[PDB]
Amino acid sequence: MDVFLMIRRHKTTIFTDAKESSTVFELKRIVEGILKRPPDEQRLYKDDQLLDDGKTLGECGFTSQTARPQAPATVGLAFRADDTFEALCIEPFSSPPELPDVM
């Protein structure tokens, strides 16, 4: 089963998919292939919750119900500085203008 994710750190967002049975660590390898930071320098989050490398994405709450192509689930990403992990910061997207009256 494919789950569809936005991996997010700061002003970066990775759209990618993965198997529900794949592990948090295997997702870090995906991140490493893209952003060139090794798994030991990454922390992955769902909400405020740090994720265990050995857990599968399904056990971390990423399912066909919650991680859909048109509505992907968000994985927070935090990088390690110099043996110190940064705090998880995800910059929000911009806000739309207020709805026109005619809508």
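Throughout, we count residues from 1 along the sequence that is shown. Between two forms, the rigid core is the largest collection of C-alphas that superpose within 1.5 Å.
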Inset, instruction - Could you check whether 43-51 or 74-82 drifts more from the shown form in 6 other deposited structures of this protein, using RMS Cα distance once the core is superposed? - result: 74-82
Legend entry - More variable segment, 17-25 or 83-91 [Cα RMS over structures in 6 other deposited structures of this protein, core-superposed]: 83-91
Inset, instruction - Take the C-alpha B-factors listed in the entry for 9-17 and for 81-89, compute each mean, and give the stretch with the larger one. - result: 81-89
Inset, instruction - Going by the average Cα B-factor in the PDB entry, point out whether 65-73 or 40-48 comes out higher. - result: 40-48
Inset, instruction - For residue 3, return the chain-relative third of its C-alpha B-factor as stated in the PDB record: lowest, middle or highest. - result: lowest
